[PDB]
Each structure stands twice: as structure tokens, then as C-alpha cells.
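K.L.:
First, the structure itself, so that you have it in front of you.
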Amino acid sequence: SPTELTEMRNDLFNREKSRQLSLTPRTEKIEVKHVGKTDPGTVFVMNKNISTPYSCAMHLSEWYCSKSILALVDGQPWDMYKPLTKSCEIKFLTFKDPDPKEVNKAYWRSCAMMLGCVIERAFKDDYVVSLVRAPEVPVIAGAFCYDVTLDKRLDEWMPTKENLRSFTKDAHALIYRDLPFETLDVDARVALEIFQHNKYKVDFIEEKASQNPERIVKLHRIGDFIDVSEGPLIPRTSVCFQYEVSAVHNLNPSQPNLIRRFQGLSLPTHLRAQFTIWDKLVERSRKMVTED
Amino acid sequence: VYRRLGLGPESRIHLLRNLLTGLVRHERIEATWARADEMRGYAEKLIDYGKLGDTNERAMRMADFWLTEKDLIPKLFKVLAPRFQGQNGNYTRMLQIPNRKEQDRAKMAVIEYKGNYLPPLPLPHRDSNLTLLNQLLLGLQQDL
Amino acid sequence: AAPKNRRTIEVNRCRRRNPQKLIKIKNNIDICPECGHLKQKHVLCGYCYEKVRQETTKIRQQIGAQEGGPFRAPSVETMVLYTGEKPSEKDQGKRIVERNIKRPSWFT
Amino acid sequence: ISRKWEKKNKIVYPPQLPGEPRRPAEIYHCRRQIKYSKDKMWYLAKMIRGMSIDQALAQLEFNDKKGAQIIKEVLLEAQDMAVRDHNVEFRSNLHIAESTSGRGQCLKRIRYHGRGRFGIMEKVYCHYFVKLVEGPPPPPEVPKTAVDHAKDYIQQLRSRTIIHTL
Amino acid sequence: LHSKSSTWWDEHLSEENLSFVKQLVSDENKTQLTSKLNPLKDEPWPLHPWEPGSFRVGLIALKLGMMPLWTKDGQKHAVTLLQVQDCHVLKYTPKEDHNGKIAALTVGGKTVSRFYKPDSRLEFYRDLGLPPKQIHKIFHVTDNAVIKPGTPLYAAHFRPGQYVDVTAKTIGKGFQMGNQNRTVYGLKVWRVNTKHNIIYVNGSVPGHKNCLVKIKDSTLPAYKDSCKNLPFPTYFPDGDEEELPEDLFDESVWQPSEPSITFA
RNA sequence: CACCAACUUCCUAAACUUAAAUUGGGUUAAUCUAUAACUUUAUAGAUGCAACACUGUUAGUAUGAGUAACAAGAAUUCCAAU
Ligand SMILES: [Zn+2]
């Protein structure tokens, strides 16, 4: 049953957190200097592997927390809730930054991860649904895509308008739940065990482990659901204001399993859109998006 | 179409004359928002009189009356008018400034002549196209 | 005009605590990237604008000294130059104002 | 004159045991003498009740009343001492638990009139009391739904007890 | 602050995207209007023949102003100008569900911008496939005269020589007043301009110039059944049974370019 | 072809008969003295000894009321500046 997998998946996530907490003895003070454009040069003494960019935002003002979606630690994108590791230079990334391309990717990946969570729980436990991967497509494409392989029983079933609306309801509930994106870097061996049943997830874990010298892989967890991530993700699911499951396209090579690429569009609260604009974007997001 | 200003119709024009003379001399004046809006139309029309030509006898009578200081009259025909020859309008830039903290809380604005030598005002900037929403709109534009 | 009897504090308390008489909150508050200070969406930042006026006063002071007399407004265009910038041929036929300060970063 | 609001800020709690939750910080700050009407200051106090430190500061900055400027200075002073003396780690993590204004000692003078009349001149002063609790403001109230109201009515009918019978 | 912020459609739009947005809006308006141009070619509801007691739908028009109009008798008559703009049927209400005596039809004209309107209003119009209209008004129409929603209505529905009833909100004068719905009855139509859908109506009409008004057939007892000799449901340009002249004139009206009237 | 309704009346416990100037008798708050008592009491002897009301007197604070009401020519390069 899927619930059993989530239970064991949740536990290993919890045990890994305890091991990392146990790994760090005492609290080590790290001098982080604020290189952000506003209030530059402020130096915070912080607890290593404990303090997060959100804590620094709390130190300064609430405006920092609300408008900060990511952090640039030594010029590197860092999740707002990712514990700080060393003395560094920290800058806060917002949706209105001159170059949000790095922010766009994190929002793009987080939206895809949320879509994957909806698919697995949307179908009944009787049917077999396996997540293959989240394809990376440009923001210019107009829709974020998630690939999933269905069971033979669902080969003849296509979502209707009501079925698509049901998916949005699950996605909307997730946004309403406002579940923070937990972040863990885990070795392949543990990651492979966590997703052993899903062979497609197994290879993706191997790919990430292959790229880096170590076997450490980036795992993100929304509530019970867990998934691998190409890069940093949004701190919380509440960031999205508009969400839509535009359409589903079934990949032609469906002989072993019916691989479906689902199209969706989402907008953050920082970037609201007019009703007509959203309607056109949703219509423009119902077209098949290839990877180039 | 006119704000009820001054102790009489003459006072409004005289007050406008005082306001107009100061703006020409300095090219950037801070005043109450209502006054700045009222005098903006006069300033634009004055530039047209400068464009009409220095030789225009009617322009001199308008310039002489409106500008108390006569050193500005050569300036209008030889500085303001040449400057705005390319422009077809919008010679004056008026922006809202935070209200005066003088216990009366008057609405404040700054009116300046465009093309001036003064430092540029901190104008508002529209969102860049690099933003996620703009990038999404760019994709829609490309497809169409 | 006085009511025929004293107004009770209870009656008075209700009148003053009615929502119509209470102070309303405003949600149009915005942040100024330029100064890093608060602003209204329809109001320009004053911390940066204050710099412009202060520079304008300094520029105006230099012009006043250069003119050296009242009613001496030139009939020719005017330009401002800062230390490190020297008058060019394009600046010919224009009043030139020299500023001891170097060209401000914001001013171009 | 009584200055017990300050004494409330001088309260020292007993050392908490290791198996005891971290006590939320409470800061009592007040300005005793303000040349302003308490009623006008109360209106400002009433609106800001329960708001966060940052939200209150933002609202005050764009307020036109003189009292609002005084409150902002008082609020800023309270925040400074809260971090300095009450161990408030995060500046943003503060909310206005309590805000109220009190009467202050006045001055008595006679108001002359040009035509032989006179009036009672009074110089008003007031006190301003605020208690600040470290942490975010508490969540706002949620109105009762139709289901909630209906259930209570049935419970009330069941809860009824028979009167003056065996 | 984790608090609500005020936004407008142009807040987050860049200049390049802002120009594109304007083009996109114009394209949508053009496509939607063209789609609804042909009502009879869009599965029209059955049209029934006229019988006594039938009531036609009314229209919404804009008051351009007044100008002098001359008749073949040489007399000058001041006439008011009414323009029908983007008049379309929006929602049909069944007789039982609205009023047991008669059913009603909702008609809206004078298309408006979509930027500063609630999403709920846009949602209803998106289903209708038409751009939002400034005013919604309800007209009592008999079952036989019911028309499918989305049918374009034109000034040609009325004809010269027909008396009509116009109701509009009166000009408000502030504290002194006005701004009250009022109706003028028994106004004859002198001429109709089909190209611009301008109806020339005798007399004055309440309201300021450029003010939307509601136009319905005269309810006076004398003109109880005038629709028998008029397009009974409405005038359908899509049918094009006979192309009407661009300008429709009453017989007494003296058309311009006619010979100077001599009182012989 | 009845019932209701008053402390009228009966009943258990008790009680022993219904306007107001005027008239007889028994107590008592408070303060001080005599002599005692000793968490605030007694017996005697005393008195500036008890106030919702004298066009009473003093002080505090309300209500009307945050109401009536009130105020400085313009710009700038600046209040002993233009
Ligand atoms: Zn600024």
C-alpha cells in the first residue's frame, strides 16, 4: 500500500535529520556578513548547521522574511530554511530581482514536485502509479511538466474536465496546507532504498550521484511525499497564488508503461495575474511542451 | 476647468506669474500638488510661445507680463525654445512628493522642465522583462 | 446645546468605540529599493529625493556665485560639470557650472 | 502619581527549570507625560492592538496625527530595550499585546475673551501604556459557521434542565 | 510584511509586455465579436410567428446628443440622437422562473474594458463568448419572441415612424438631487442610421450626453401591437432577407440633398 | 349544574389582631476621662459624638465636548539670505 511507503519514507527522512543533528556537536559560531543590496555589511554571528537564512530575516525585519524567497550565500542560491554551514556572504533573493532566472528555476522545480505529489495520491491504491522524472522545460515554454508512468489498467483512461479539476483541487489543497519544503542531502545508497520500488526514481538518483564526486543526492519532502530535486526549491507551498492543471499529454512509446506528461501553470503571490491574462496563459499552457 | 485659487482672478494669475517666473529661473520647483498641476498647462503653452519664434511680437507681451524678471525673456527664446524644438510636448515633468510635515499636511509635488541640467529626479521604473511573469508573457508573445 | 441630562460614560463609550470612529489601517505601504526605506505605492521615496534637492541646492549655490548679480539669467544653455570632467567642444555655447565634488554615481 | 507600569517591567520571574518551556518575553513600556489628549491617543492604541512590531511601525510612519509620531518613538524605544534588556533575539519577532492611554496631570489657566468674558483653559497631558510580547501576533478570530451555530442550539436544548419537579 | 498588498493590472507589466497585452486584448475582442456576428448560423432557437399580445425585446443605446431635423413641411424639429453599441442578448430567464406572467431577456451593450472589472463578471461573459458590457438590463419578452443568448441586436430592430419608450437615470445635481431613473413615453422615431446604428427620436431624453439609456417599444394602449408590421422577434442582418438602406427616413422627414421646400 | 379566585378562614410550625400630631418605656454607632482589659473588649463619668437636602461651605472629578472656537503673501541660491 502507498501509505506504508510514505510511513517508511517519512521515518528514514526523520532518522537522517537526527543523524545530521547528532553529527554536529555543540553550536559553532559563524560570522555571516550581509552582502545584500539593502542594509549591506551587517555581520551576524550564527550557529553552524543550525541557523537558516530565515532566522537572519527574522533578525532584521518581517519585510525581509515576506519578500525573501531565496538566499545567495557566497553567490550561491540557498533555500531560506537551509541551515547555514560556514561564515559567508548572504544576500536575499526576491521574485522582483533584476535577474530571477535562478529564482525561476527553483519555483519551476518546486511546482513540478508539487504536481508529482498530487498524481501519486490522486489515483486509488488499487492502480499502480510510478513517477518517472520531472522534465526540465524553460519558463518561456508556458507550462511546467511532470512525467508519470501509469499501470496497464489505466491505459484506456484519459482525464476528463472534472478529473483535471480534481487534480487542481488537490494542488490547491496543498497550497492551502502551506507545507514547508524540507531539504535533505542524502547518499545514493539510502536514497535508492527509499525509492527502491520505483525503478525510474532509482536511475535519477544514480544520475545525480554520478554527476557529483560523492553519492550525495538532493531530496525534498513535502509532508509525507518525498522527491529528488535538480536544484533548490521554494521554501513553502503557500508561495503559489494561482495553480492550474492545464492538460495531460500521453507519450507515444507507452508499450511497457503509459508515460504521461502533465502540463500545469502556477503563479506566486508576489506575481498575480489578471483574469484574462491567466485564461490566455492557461490556454497557452495546454500545448505539448518538448524538451530542447 | 479651473481651480478656485487666489483672493481673486488676478491673484491666481499673479500667483501663477510668480510660480512661472520661479520655475523658469530654476527649472525645478517644489510646491503644493494642486498648484503644480494647475500651472503645468501654462508652462507647456509658454514653451509653444517660445517655439512660435522670438520675432513674434505677441509672444513678447505674454512673456513680458508672465515673467517679472526680464533676463528670463532672452532665456525663454534662446534657451527654452531651442531646447524643446525637437519635443512636441510634455516639456514639464510633475511628480508627487510626500506631504509637508508642517502641521497642515499639504499635498506636495515637484515640477521641472525636461532637458534641464539639474540631476535627474528619482523616477519610477516599470518591472523588468526578466521577471517570471514577464518571461511567461514573452513566451506567449513569441508563439503568437 | 446641552442634553437635558448628563451623557453616561457607557453611552459615550459606545459612540467613540464604534468602528466608524476608529482609525483605519492602510495596506498601500511599499518599500523603496533605491533608499531601502518605506514608501507608498503612489508616493516617491524621500530619502533619495532628499539627496537630489541637496545636490540641487549645492549646484544652485555655485550658479549664483558665478552669475555674481541679480537678473543675470543667461540667454544660453547651462551645463554642470564635476571634478574629473573637463569642458568639451559640445559644452561650448552653454553656461558651464563647475562642481568641486566628483561626478555622483546616481547623477549621469 | 503612580508608576506601577514600570514596576511591572521590573518583575523578575523565578529561574525556569531545564524541563520547563521557554517563557515568552513581556515588555512593559510607557510614556508618562505627553501633551496630548488620551482619547485621541486611545484611538491610535485601539487600532494597533494585537499587531506585529513591523506592521505597527509601517502604519505609524504614514500616519498624519501627532500622537502617531509619539507612539512610533515610544514603540521604537520599547523595541530597543526589549532586545537590549529582555533578550529579544529577533527584532521582527515582536507584536503589540496591549496598547492603552491614560490621563495625565493637567495645568489650570483662565481663558480671557476680548469682550469681558472668560473661559476655563486647561493644558491636557496623558499617559500611554503598551505591553509588548515577543513572538508573532496571535491568529485572528474566525467567525462561527452555520453548522457550529446550529450544533450549539441543539446542545442548549438538550442541556435544558427541568424546573421545580421531582 | 505578511499582509495583503494593493495591485493593478499594469503594476507588474513591462513596457514591452504592456504593448503586447493591449494587442492581445484587441485580438480577443475582435475574435469574440466576429464569432457572435451570425446568430442564425449558430443553432438559433426556434422562431415563432407573431400573434396578438406578443412583446419584443428592448435595446440599450448611447445618447450622442441633439441636432435640428427638418420635415418636408419645412418645419424644424429638434431631435435626439441614440446610438446602439454592441447590443447582445446575454441571459434568458424562463417564464416560470422569473415571473409567472411573462418571461424576460437580459440585454447588455456598450462593451467595457476587462482590466478593472471583477473576475466574476468576466467569467459569466467568457461563457457567453462576448466582451463585458457596461450595463445589464432586463426586458420582458414573450416565449414566442425568445431569442438565443449571444444574438447581436441592432438599431434596425426599431423602424422610423414607431413610437418608443426611453428610460434613463436623470442627471445628478448633488446636495441642493437628481440621479433618479425616469421614463419618457411616446417618442416617435424620425430616422435610423443603420451603418452607425443611430436612431433619431423626437423630443428630449433624460440624462447627460453620452449616457446609456434603455429603449423598449411604446407601452401606450394605442400602440398595443406595433410589432405585427415590424420584425417580430427582431431584425436579423444575418438572414439578409432584404438589405436595408444605410439611412432610414420617415415619409414626412425631408432628407438632405432634396430640393428646397417651397410652401405651395 | 361545576370550577376559579383574598393571610378571610383552616392546616404544620408559630402568633394572639387592622390610620397620625402628640405621649410613656428599652437599646445603640462614635470620641475622651476614671478603672480595667490586651487581635481591640468591660463598668462608670463625659462630649465640637452619626446629614441624599439650610439661595449651606471648601476641594476633587465628570457632562455639554474633543463640541463652540481659534491661525502665517510667492519662489529660491535661504529667519538679521536674495
Ligand atoms: Zn529611495
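Residue numbering restarts at 1 in every chain; chains get A, B, ... in the order shown in the C-alpha cells, and ligands count up from 1 in that same order.
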Please identify every residue of chain C that has at least one atom no farther than 12 Å from an atom of chain A, counting only C-alpha atoms, and for each give the shortest atom pair and the distance in Å to one decimal, arranged by chain then increasing number, as JSON lines.
P.N.:
```
{"residue": "C:29", "atom": "CA", "partner": "A:63", "partner_atom": "CA", "distance": 11.2}
{"residue": "C:30", "atom": "CA", "partner": "A:63", "partner_atom": "CA", "distance": 10.0}
{"residue": "C:31", "atom": "CA", "partner": "A:63", "partner_atom": "CA", "distance": 8.8}
{"residue": "C:32", "atom": "CA", "partner": "A:38", "partner_atom": "CA", "distance": 9.9}
{"residue": "C:33", "atom": "CA", "partner": "A:38", "partner_atom": "CA", "distance": 7.6}
{"residue": "C:34", "atom": "CA", "partner": "A:38", "partner_atom": "CA", "distance": 8.8}
{"residue": "C:35", "atom": "CA", "partner": "A:38", "partner_atom": "CA", "distance": 8.2}
{"residue": "C:36", "atom": "CA", "partner": "A:38", "partner_atom": "CA", "distance": 5.8}
{"residue": "C:37", "atom": "CA", "partner": "A:38", "partner_atom": "CA", "distance": 9.2}
{"residue": "C:38", "atom": "CA", "partner": "A:63", "partner_atom": "CA", "distance": 10.2}
```
K.L.:
Which neighbours of residue 25 of chain C fall inside 9 Å, counting only C-alpha atoms (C1' of nucleotides), when residues of the same chain fewer than 3 positions from it are skipped, and could you give them as a VMD selection string?
P.N.:
chain D and resid 47 to 48 59
K.L.:
Tell me the residues of chain D close to chain E, meaning within 12 Å using only C-alpha atoms, as a PyMOL selection string.
P.N.:
chain D and resi 51-59+92-93+136-137
K.L.:
Take the residues just selected and output them with C-alpha atoms as a compact mmCIF listing (two decimals), in the first residue's frame.
P.N.:
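For reference, out.txt as written:
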```
# COMPACT_ATOMS: atom_id res chain seq x y z
CA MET D 51 -0.49 43.82 15.51
CA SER D 52 3.11 42.87 14.83
CA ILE D 53 6.04 45.17 15.58
CA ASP D 54 6.87 45.68 11.90
CA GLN D 55 3.24 46.19 10.84
CA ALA D 56 2.65 48.79 13.56
CA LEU D 57 5.81 50.69 12.59
CA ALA D 58 4.81 50.74 8.91
CA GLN D 59 1.30 52.02 9.68
CA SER D 92 10.79 41.29 13.79
CA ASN D 93 9.55 38.75 16.36
CA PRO D 136 4.22 36.85 16.16
CA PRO D 137 0.77 38.33 16.73
```
K.L.:
Going by DSSP on the backbone, which bits of segment 54-251 of chain A are strand (DSSP E or B)? Write them as a ChimeraX atom specification, please.
P.N.:
/A:70-73,76-79,89-93,129-133,144-150,180-187,216-222,225-228,236,240-250
K.L.:
Could you write out that same residue set with C-alpha atoms as an mmCIF file, in the first residue's frame?
P.N.:
```
data_model
loop_
_atom_site.group_PDB
_atom_site.id
_atom_site.type_symbol
_atom_site.label_atom_id
_atom_site.label_comp_id
_atom_site.auth_asym_id
_atom_site.auth_seq_id
_atom_site.Cartn_x
_atom_site.Cartn_y
_atom_site.Cartn_z
ATOM 1 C CA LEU A 70 15.841 32.508 -1.567
ATOM 2 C CA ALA A 71 19.288 33.418 -0.252
ATOM 3 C CA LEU A 72 22.571 33.979 -2.101
ATOM 4 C CA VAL A 73 25.255 32.539 0.186
ATOM 5 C CA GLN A 76 25.168 30.555 -4.444
ATOM 6 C CA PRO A 77 21.375 30.075 -4.268
ATOM 7 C CA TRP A 78 20.396 28.776 -0.828
ATOM 8 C CA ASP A 79 16.960 27.817 0.455
ATOM 9 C CA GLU A 89 28.296 36.483 2.495
ATOM 10 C CA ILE A 90 24.497 36.278 2.368
ATOM 11 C CA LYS A 91 22.078 38.082 0.052
ATOM 12 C CA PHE A 92 18.308 37.664 -0.165
ATOM 13 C CA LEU A 93 16.655 36.778 -3.480
ATOM 14 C CA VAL A 129 1.354 4.817 -10.438
ATOM 15 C CA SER A 130 5.126 5.326 -10.654
ATOM 16 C CA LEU A 131 6.773 8.733 -11.002
ATOM 17 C CA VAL A 132 9.482 8.635 -13.672
ATOM 18 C CA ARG A 133 11.030 12.124 -13.546
ATOM 19 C CA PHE A 144 5.781 23.050 -16.166
ATOM 20 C CA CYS A 145 5.810 19.350 -16.997
ATOM 21 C CA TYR A 146 5.824 16.222 -14.835
ATOM 22 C CA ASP A 147 6.199 12.737 -16.317
ATOM 23 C CA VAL A 148 4.487 9.744 -14.691
ATOM 24 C CA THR A 149 4.038 6.122 -15.788
ATOM 25 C CA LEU A 150 0.618 4.571 -15.206
ATOM 26 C CA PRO A 180 7.280 23.959 4.025
ATOM 27 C CA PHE A 181 9.742 22.310 1.654
ATOM 28 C CA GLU A 182 12.047 20.179 3.783
ATOM 29 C CA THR A 183 15.564 19.793 2.394
ATOM 30 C CA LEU A 184 17.947 16.876 2.905
ATOM 31 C CA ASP A 185 21.136 15.858 1.116
ATOM 32 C CA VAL A 186 21.341 12.063 1.276
ATOM 33 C CA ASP A 187 23.710 9.453 -0.104
ATOM 34 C CA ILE A 216 25.014 12.672 -2.048
ATOM 35 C CA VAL A 217 21.693 13.466 -3.737
ATOM 36 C CA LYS A 218 19.226 16.303 -3.184
ATOM 37 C CA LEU A 219 15.960 15.103 -1.626
ATOM 38 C CA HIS A 220 12.980 17.379 -0.974
ATOM 39 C CA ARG A 221 9.973 16.401 1.139
ATOM 40 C CA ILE A 222 6.505 17.968 1.163
ATOM 41 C CA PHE A 225 5.698 12.980 -0.032
ATOM 42 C CA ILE A 226 9.405 12.986 -0.920
ATOM 43 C CA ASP A 227 11.152 13.535 -4.245
ATOM 44 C CA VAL A 228 14.554 14.192 -5.780
ATOM 45 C CA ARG A 236 6.817 26.781 1.214
ATOM 46 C CA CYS A 240 1.842 29.921 -5.283
ATOM 47 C CA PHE A 241 -1.303 32.035 -5.688
ATOM 48 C CA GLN A 242 -2.741 30.676 -8.957
ATOM 49 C CA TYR A 243 -2.456 26.976 -9.805
ATOM 50 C CA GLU A 244 -3.864 25.031 -12.748
ATOM 51 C CA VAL A 245 -3.515 21.577 -14.299
ATOM 52 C CA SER A 246 -3.668 22.725 -17.906
ATOM 53 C CA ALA A 247 -3.631 19.391 -19.751
ATOM 54 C CA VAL A 248 -2.124 15.905 -19.909
ATOM 55 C CA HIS A 249 -0.265 14.532 -22.939
ATOM 56 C CA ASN A 250 0.372 10.791 -23.235
#
```
K.L.:
Compile the contact shell of residue 1 of chain A as a VMD selection string: residues with an atom at most 10 Å away, counting only C-alpha atoms (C1' of nucleotides), same-chain residues fewer than 3 positions apart removed.
P.N.:
chain A and resid 4 to 6 125 to 126 128
K.L.:
What does the distance between atom CA of residue 87 of chain D and atom CA of residue 25 of chain D come to in Å, to one decimal place?
P.N.:
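Taking atom CA of residue 87 of chain D as the start and atom CA of residue 25 of chain D as the end point, the length is 7.8 Å.
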